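K.L.:
mmCIF, C-alpha atoms, file query_38.cif:
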data_protein
#
loop_
_atom_site.group_PDB
_atom_site.id
_atom_site.type_symbol
_atom_site.label_atom_id
_atom_site.label_comp_id
_atom_site.auth_asym_id
_atom_site.auth_seq_id
_atom_site.Cartn_x
_atom_site.Cartn_y
_atom_site.Cartn_z
ATOM 1 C CA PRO H 58 27.139 -52.415 31.959
ATOM 2 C CA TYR H 59 27.250 -48.812 33.192
ATOM 3 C CA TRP H 60 28.479 -46.217 30.698
ATOM 4 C CA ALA H 61 28.519 -42.416 30.567
ATOM 5 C CA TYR H 62 29.322 -39.513 28.242
ATOM 6 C CA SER H 63 32.204 -38.387 30.458
ATOM 7 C CA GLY H 64 34.384 -39.462 33.382
ATOM 8 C CA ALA H 65 35.912 -42.862 34.081
ATOM 9 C CA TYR H 66 33.065 -44.606 32.233
ATOM 10 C CA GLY H 67 33.163 -42.132 29.359
ATOM 11 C CA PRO H 68 33.320 -43.061 25.660
ATOM 12 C CA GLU H 69 37.073 -43.762 25.521
ATOM 13 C CA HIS H 70 36.497 -46.391 28.207
ATOM 14 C CA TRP H 71 33.410 -48.076 26.762
ATOM 15 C CA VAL H 72 35.536 -50.736 25.064
ATOM 16 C CA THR H 73 36.505 -52.100 28.494
ATOM 17 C CA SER H 74 32.923 -53.285 29.113
ATOM 18 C CA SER H 75 31.580 -53.556 25.564
ATOM 19 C CA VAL H 76 34.198 -54.928 23.182
ATOM 20 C CA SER H 77 32.418 -53.779 20.000
ATOM 21 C CA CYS H 78 32.967 -50.159 21.040
ATOM 22 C CA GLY H 79 36.580 -50.501 19.889
ATOM 23 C CA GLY H 80 35.632 -51.856 16.464
ATOM 24 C CA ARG H 81 36.796 -50.515 13.105
ATOM 25 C CA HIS H 82 33.349 -49.583 11.726
ATOM 26 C CA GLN H 83 31.901 -47.327 14.404
ATOM 27 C CA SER H 84 29.456 -44.415 14.401
ATOM 28 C CA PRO H 85 29.076 -41.452 14.374
ATOM 29 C CA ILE H 86 31.355 -40.095 11.658
ATOM 30 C CA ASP H 87 32.060 -36.791 9.964
ATOM 31 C CA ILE H 88 30.794 -36.954 6.395
ATOM 32 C CA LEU H 89 33.048 -35.336 3.815
ATOM 33 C CA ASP H 90 30.688 -34.574 0.956
ATOM 34 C CA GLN H 91 33.509 -34.457 -1.601
ATOM 35 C CA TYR H 92 34.245 -38.114 -0.837
ATOM 36 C CA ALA H 93 30.626 -39.286 -0.933
ATOM 37 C CA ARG H 94 29.985 -41.547 -3.924
ATOM 38 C CA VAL H 95 26.793 -40.911 -5.868
ATOM 39 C CA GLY H 96 26.973 -44.674 -5.993
ATOM 40 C CA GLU H 97 24.192 -46.948 -7.159
ATOM 41 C CA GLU H 98 20.970 -45.627 -8.608
ATOM 42 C CA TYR H 99 18.787 -46.174 -5.552
ATOM 43 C CA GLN H 100 15.033 -46.203 -5.064
ATOM 44 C CA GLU H 101 13.988 -42.986 -3.314
ATOM 45 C CA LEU H 102 13.102 -43.368 0.330
ATOM 46 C CA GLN H 103 9.649 -44.926 0.579
ATOM 47 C CA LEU H 104 7.882 -43.912 3.797
ATOM 48 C CA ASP H 105 4.708 -45.634 4.990
ATOM 49 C CA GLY H 106 2.618 -44.323 7.879
ATOM 50 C CA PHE H 107 4.674 -41.183 8.530
ATOM 51 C CA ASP H 108 1.798 -38.870 7.555
ATOM 52 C CA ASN H 109 -0.550 -40.300 10.216
ATOM 53 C CA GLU H 110 -0.991 -38.586 13.556
ATOM 54 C CA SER H 111 0.618 -40.507 16.392
ATOM 55 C CA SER H 112 -1.344 -42.563 18.900
ATOM 56 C CA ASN H 113 -1.960 -41.002 22.310
ATOM 57 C CA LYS H 114 -0.234 -44.147 23.650
ATOM 58 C CA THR H 115 3.147 -42.955 22.273
ATOM 59 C CA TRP H 116 5.349 -42.000 25.205
ATOM 60 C CA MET H 117 8.624 -40.338 26.160
ATOM 61 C CA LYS H 118 11.209 -41.206 28.836
ATOM 62 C CA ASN H 119 14.247 -39.469 30.303
ATOM 63 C CA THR H 120 16.731 -42.330 30.387
ATOM 64 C CA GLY H 121 19.518 -40.179 31.866
ATOM 65 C CA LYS H 122 21.520 -40.581 28.645
ATOM 66 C CA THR H 123 18.912 -39.226 26.257
ATOM 67 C CA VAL H 124 15.235 -38.599 25.919
ATOM 68 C CA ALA H 125 13.616 -41.493 24.066
ATOM 69 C CA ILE H 126 10.246 -41.709 22.347
ATOM 70 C CA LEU H 127 8.705 -45.193 22.184
ATOM 71 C CA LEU H 128 6.560 -45.356 19.045
ATOM 72 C CA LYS H 129 3.153 -47.054 19.173
ATOM 73 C CA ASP H 130 2.126 -46.764 15.529
ATOM 74 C CA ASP H 131 3.370 -48.578 12.425
ATOM 75 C CA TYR H 132 5.966 -46.615 10.471
ATOM 76 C CA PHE H 133 7.927 -48.214 7.616
ATOM 77 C CA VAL H 134 10.906 -47.256 5.442
ATOM 78 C CA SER H 135 12.369 -48.917 2.364
ATOM 79 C CA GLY H 136 14.610 -47.798 -0.476
ATOM 80 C CA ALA H 137 17.964 -46.030 -0.260
ATOM 81 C CA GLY H 138 19.791 -49.352 -0.613
ATOM 82 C CA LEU H 139 18.304 -50.914 2.532
ATOM 83 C CA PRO H 140 17.595 -54.664 2.202
ATOM 84 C CA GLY H 141 13.807 -54.822 2.315
ATOM 85 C CA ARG H 142 11.420 -52.972 4.607
ATOM 86 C CA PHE H 143 12.198 -51.615 8.063
ATOM 87 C CA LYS H 144 9.842 -50.727 10.909
ATOM 88 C CA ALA H 145 10.375 -47.848 13.351
ATOM 89 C CA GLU H 146 10.800 -48.664 17.057
ATOM 90 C CA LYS H 147 11.970 -45.520 18.856
ATOM 91 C CA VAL H 148 13.400 -42.039 18.599
ATOM 92 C CA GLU H 149 16.367 -40.639 20.579
ATOM 93 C CA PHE H 150 17.962 -37.186 20.756
ATOM 94 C CA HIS H 151 21.448 -35.728 21.175
ATOM 95 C CA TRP H 152 22.072 -32.103 21.982
ATOM 96 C CA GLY H 153 24.589 -29.543 23.145
ATOM 97 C CA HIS H 154 24.975 -27.236 26.124
ATOM 98 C CA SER H 155 23.507 -23.787 25.523
ATOM 99 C CA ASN H 156 22.573 -21.192 22.897
ATOM 100 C CA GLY H 157 22.535 -23.657 20.004
ATOM 101 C CA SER H 158 25.998 -25.089 20.701
ATOM 102 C CA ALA H 159 27.109 -28.236 18.871
ATOM 103 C CA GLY H 160 25.116 -31.286 19.934
ATOM 104 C CA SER H 161 24.946 -33.598 16.935
ATOM 105 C CA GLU H 162 26.759 -36.908 16.702
ATOM 106 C CA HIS H 163 27.315 -36.781 12.958
ATOM 107 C CA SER H 164 28.612 -33.787 11.057
ATOM 108 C CA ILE H 165 28.879 -32.737 7.420
ATOM 109 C CA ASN H 166 32.208 -31.235 6.358
ATOM 110 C CA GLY H 167 32.981 -30.626 10.030
ATOM 111 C CA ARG H 168 29.731 -28.746 10.575
ATOM 112 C CA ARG H 169 27.678 -29.794 13.625
ATOM 113 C CA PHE H 170 24.072 -28.978 14.510
ATOM 114 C CA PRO H 171 22.436 -28.135 17.842
ATOM 115 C CA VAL H 172 20.319 -31.322 17.940
ATOM 116 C CA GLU H 173 20.432 -34.688 16.189
ATOM 117 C CA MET H 174 17.312 -36.874 16.270
ATOM 118 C CA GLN H 175 17.799 -40.538 15.476
ATOM 119 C CA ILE H 176 15.015 -42.965 14.539
ATOM 120 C CA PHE H 177 15.788 -46.669 14.888
ATOM 121 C CA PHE H 178 14.229 -49.403 12.750
ATOM 122 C CA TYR H 179 14.320 -53.207 12.583
ATOM 123 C CA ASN H 180 13.357 -55.638 9.836
ATOM 124 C CA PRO H 181 10.091 -57.248 10.999
ATOM 125 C CA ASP H 182 10.362 -60.003 8.380
ATOM 126 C CA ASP H 183 13.367 -61.368 10.275
ATOM 127 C CA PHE H 184 12.274 -60.707 13.870
ATOM 128 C CA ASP H 185 9.271 -60.062 16.080
ATOM 129 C CA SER H 186 10.957 -57.211 17.943
ATOM 130 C CA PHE H 187 13.704 -54.573 17.880
ATOM 131 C CA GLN H 188 15.278 -56.194 20.956
ATOM 132 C CA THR H 189 15.351 -59.580 19.240
ATOM 133 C CA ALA H 190 17.013 -57.913 16.229
ATOM 134 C CA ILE H 191 19.901 -56.331 18.158
ATOM 135 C CA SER H 192 20.484 -59.539 20.133
ATOM 136 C CA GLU H 193 21.153 -61.361 16.849
ATOM 137 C CA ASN H 194 23.515 -58.849 15.239
ATOM 138 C CA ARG H 195 21.362 -58.591 12.106
ATOM 139 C CA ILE H 196 21.062 -55.364 10.089
ATOM 140 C CA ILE H 197 19.036 -52.617 11.723
ATOM 141 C CA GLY H 198 18.366 -49.190 10.256
ATOM 142 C CA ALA H 199 18.743 -45.704 11.619
ATOM 143 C CA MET H 200 17.916 -42.221 10.335
ATOM 144 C CA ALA H 201 19.785 -39.179 11.575
ATOM 145 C CA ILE H 202 17.990 -35.823 11.291
ATOM 146 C CA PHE H 203 19.686 -32.574 12.185
ATOM 147 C CA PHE H 204 17.855 -29.592 13.675
ATOM 148 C CA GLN H 205 19.005 -26.031 12.909
ATOM 149 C CA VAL H 206 18.048 -22.809 14.673
ATOM 150 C CA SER H 207 15.293 -20.717 13.096
ATOM 151 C CA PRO H 208 13.728 -17.396 14.115
ATOM 152 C CA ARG H 209 10.222 -18.875 14.768
ATOM 153 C CA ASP H 210 9.087 -21.879 16.776
ATOM 154 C CA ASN H 211 8.616 -24.949 14.594
ATOM 155 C CA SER H 212 5.013 -25.860 15.388
ATOM 156 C CA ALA H 213 5.517 -29.463 14.266
ATOM 157 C CA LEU H 214 7.835 -29.937 17.270
ATOM 158 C CA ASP H 215 5.291 -28.602 19.802
ATOM 159 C CA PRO H 216 4.283 -32.031 21.180
ATOM 160 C CA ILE H 217 7.940 -33.058 21.510
ATOM 161 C CA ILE H 218 8.918 -29.838 23.287
ATOM 162 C CA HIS H 219 5.939 -30.150 25.616
ATOM 163 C CA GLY H 220 7.038 -33.709 26.377
ATOM 164 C CA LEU H 221 10.535 -32.571 27.323
ATOM 165 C CA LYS H 222 9.029 -30.201 29.855
ATOM 166 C CA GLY H 223 7.387 -33.197 31.492
ATOM 167 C CA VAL H 224 10.526 -35.357 31.769
ATOM 168 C CA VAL H 225 13.102 -33.079 33.406
ATOM 169 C CA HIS H 226 13.951 -35.567 36.108
ATOM 170 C CA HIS H 227 15.801 -38.805 35.495
ATOM 171 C CA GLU H 228 13.474 -41.764 34.790
ATOM 172 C CA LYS H 229 10.337 -39.634 34.368
ATOM 173 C CA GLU H 230 7.878 -40.751 31.661
ATOM 174 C CA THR H 231 4.981 -39.043 29.905
ATOM 175 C CA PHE H 232 2.501 -39.623 27.125
ATOM 176 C CA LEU H 233 2.810 -37.260 24.170
ATOM 177 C CA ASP H 234 0.315 -35.029 22.362
ATOM 178 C CA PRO H 235 -0.266 -36.322 18.810
ATOM 179 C CA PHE H 236 2.457 -35.444 16.315
ATOM 180 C CA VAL H 237 3.113 -36.236 12.666
ATOM 181 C CA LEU H 238 6.405 -38.081 12.244
ATOM 182 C CA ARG H 239 6.869 -36.912 8.642
ATOM 183 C CA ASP H 240 6.916 -33.355 9.940
ATOM 184 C CA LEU H 241 9.944 -34.088 12.124
ATOM 185 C CA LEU H 242 11.892 -34.988 8.984
ATOM 186 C CA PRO H 243 13.345 -32.499 6.475
ATOM 187 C CA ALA H 244 11.039 -30.913 3.892
ATOM 188 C CA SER H 245 12.821 -32.914 1.173
ATOM 189 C CA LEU H 246 13.985 -36.480 1.754
ATOM 190 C CA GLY H 247 15.898 -36.480 -1.515
ATOM 191 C CA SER H 248 19.304 -35.508 -0.166
ATOM 192 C CA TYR H 249 20.952 -37.994 2.206
ATOM 193 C CA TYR H 250 24.110 -39.983 2.910
ATOM 194 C CA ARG H 251 24.316 -43.740 3.467
ATOM 195 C CA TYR H 252 26.984 -45.732 5.298
ATOM 196 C CA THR H 253 27.393 -48.857 7.402
ATOM 197 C CA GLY H 254 28.153 -48.228 11.026
ATOM 198 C CA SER H 255 27.204 -49.000 14.580
ATOM 199 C CA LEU H 256 25.010 -48.054 17.508
ATOM 200 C CA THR H 257 26.479 -44.886 19.020
ATOM 201 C CA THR H 258 26.042 -46.172 22.575
ATOM 202 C CA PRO H 259 27.116 -49.493 24.118
ATOM 203 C CA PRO H 260 27.025 -52.247 23.015
ATOM 204 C CA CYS H 261 28.134 -50.293 19.883
ATOM 205 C CA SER H 262 27.036 -53.177 17.640
ATOM 206 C CA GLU H 263 28.347 -52.896 14.059
ATOM 207 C CA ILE H 264 25.015 -53.695 12.456
ATOM 208 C CA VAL H 265 23.504 -50.311 11.576
ATOM 209 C CA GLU H 266 22.701 -49.032 8.101
ATOM 210 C CA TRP H 267 22.631 -45.247 8.570
ATOM 211 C CA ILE H 268 20.661 -42.719 6.544
ATOM 212 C CA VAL H 269 21.924 -39.213 7.373
ATOM 213 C CA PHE H 270 19.759 -36.439 5.964
ATOM 214 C CA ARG H 271 21.676 -33.484 4.544
ATOM 215 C CA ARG H 272 19.069 -30.798 5.228
ATOM 216 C CA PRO H 273 18.011 -29.811 8.757
ATOM 217 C CA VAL H 274 14.613 -29.364 10.441
ATOM 218 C CA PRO H 275 14.077 -25.939 12.028
ATOM 219 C CA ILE H 276 13.928 -25.369 15.786
ATOM 220 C CA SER H 277 13.785 -22.054 17.647
ATOM 221 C CA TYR H 278 16.265 -21.049 20.334
ATOM 222 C CA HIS H 279 13.310 -20.987 22.740
ATOM 223 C CA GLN H 280 12.417 -24.567 21.892
ATOM 224 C CA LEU H 281 16.019 -25.675 22.398
ATOM 225 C CA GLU H 282 15.810 -24.499 25.990
ATOM 226 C CA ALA H 283 13.551 -27.468 26.740
ATOM 227 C CA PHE H 284 16.490 -29.798 25.927
ATOM 228 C CA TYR H 285 18.982 -27.841 28.018
ATOM 229 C CA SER H 286 16.736 -28.048 31.106
ATOM 230 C CA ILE H 287 16.814 -31.871 31.327
ATOM 231 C CA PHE H 288 18.542 -33.482 34.340
ATOM 232 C CA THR H 289 20.508 -36.715 34.623
ATOM 233 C CA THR H 290 21.726 -38.593 37.709
ATOM 234 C CA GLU H 291 24.883 -40.484 38.707
ATOM 235 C CA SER H 298 24.578 -36.957 41.991
ATOM 236 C CA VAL H 299 22.660 -34.665 39.661
ATOM 237 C CA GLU H 300 23.817 -32.780 36.550
ATOM 238 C CA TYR H 301 22.190 -31.201 33.538
ATOM 239 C CA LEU H 302 21.842 -33.702 30.716
ATOM 240 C CA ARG H 303 23.942 -31.900 28.090
ATOM 241 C CA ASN H 304 26.510 -32.668 25.340
ATOM 242 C CA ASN H 305 25.184 -36.208 25.200
ATOM 243 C CA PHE H 306 26.962 -37.191 21.986
ATOM 244 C CA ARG H 307 29.636 -39.772 21.289
ATOM 245 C CA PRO H 308 32.980 -38.538 19.895
ATOM 246 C CA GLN H 309 33.361 -39.186 16.179
ATOM 247 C CA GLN H 310 34.908 -42.373 14.882
ATOM 248 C CA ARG H 311 37.321 -43.050 12.022
ATOM 249 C CA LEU H 312 35.923 -44.004 8.608
ATOM 250 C CA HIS H 313 38.628 -46.597 7.969
ATOM 251 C CA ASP H 314 37.832 -48.875 5.003
ATOM 252 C CA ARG H 315 34.295 -47.543 4.551
ATOM 253 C CA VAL H 316 32.750 -45.569 1.743
ATOM 254 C CA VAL H 317 29.926 -43.077 2.296
ATOM 255 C CA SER H 318 27.329 -42.931 -0.480
ATOM 256 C CA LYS H 319 25.083 -40.002 -1.369
ATOM 257 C CA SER H 320 21.788 -39.727 -3.207
#
How does the structure come out when it is put into structure tokens?
P.N.:
Amino acid sequence: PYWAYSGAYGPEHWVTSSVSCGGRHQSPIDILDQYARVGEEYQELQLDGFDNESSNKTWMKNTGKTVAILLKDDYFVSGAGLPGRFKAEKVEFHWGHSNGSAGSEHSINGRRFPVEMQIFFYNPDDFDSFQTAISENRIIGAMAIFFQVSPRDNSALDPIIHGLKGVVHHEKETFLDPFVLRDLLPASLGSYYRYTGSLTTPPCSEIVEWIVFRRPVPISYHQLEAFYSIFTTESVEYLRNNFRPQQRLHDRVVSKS
């Protein structure tokens, strides 16, 4: 079903086509740190494969709603209260309008960031593929990483920024220079929030265990310009402010490491 980030098919109308979008446990949310429960003693995030350079087969697409990276290497996460081990499938990005304006889906104490990168994972022990996993409404995992402006270019982002320059037009695809996935995550992985939520685009399935990192990854204002230059169609517009409005916590508790 067609959906958009504004207009008659905008987020307040998603529920018409995708019923889950009007559910009680939706994402993204604002995280009030005061109300985050230190909760269980949880195994620290265990990352496998994140230090390896990416395959030259890894590629990036302008979907018109985001820019997605389809991962071609094996990356695994466990710990942080997730049930078992999860395998990374893809990366997507949400950003603002100009000059570092708010673009994140999540926030912390009302504070937004100019970009939010989300990495999506499925449990390979249960299914052969990420698509299989979503079709069955089983638990999938997602990490949310904020970017924050810094005076210098973040060299770790170079291959991603270069990719953006190659996918300005809707539907365009490009291979990416090798990057190290670990280096697109915060320097410390020790500080994060956990909650149960949903996909932030239709079908808005309420099956996502979110890990939201508290500390951001740096990006320069110059690098941000590569996001602001992306186009989307349907009629052409800049692809900007591509974030879903925040959803109510309701009966949920957010945990923190």
K.L.:
Closest to residue 217 in chain H among H:262, H:309, H:111, H:253, using all atoms listed in the file?
P.N.:
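Ranked by minimum distance to residue 217 in chain H, first place goes to H:111.
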K.L.:
Rank nothing, just name the residue among H:318, H:113, H:161, H:175 nearest to residue 198 in chain H, using only C-alpha atoms.
P.N.:
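Comparing H:318, H:113, H:161, H:175 against residue 198 in chain H, the winner is H:175.
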K.L.:
Between CA of residue 267 in chain H and CA of residue 200 in chain H, measure the distance and give it in Å to one decimal.
P.N.:
5.9 Å
K.L.:
Rounded to one decimal in Å, what is the spacing between CA of residue 255 in chain H and CA of residue 276 in chain H?
P.N.:
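Between CA of residue 255 in chain H and CA of residue 276 in chain H the gap is 27.1 Å.
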K.L.:
Give me the result of the PyMOL selection byres ((chain H and resi 271) around 7) on this file, residue by residue, as a list in words.
P.N.:
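On this input, the PyMOL selection byres ((chain H and resi 271) around 7) captures residues 248, 249, 269, 270, 272 and 273 of chain H.
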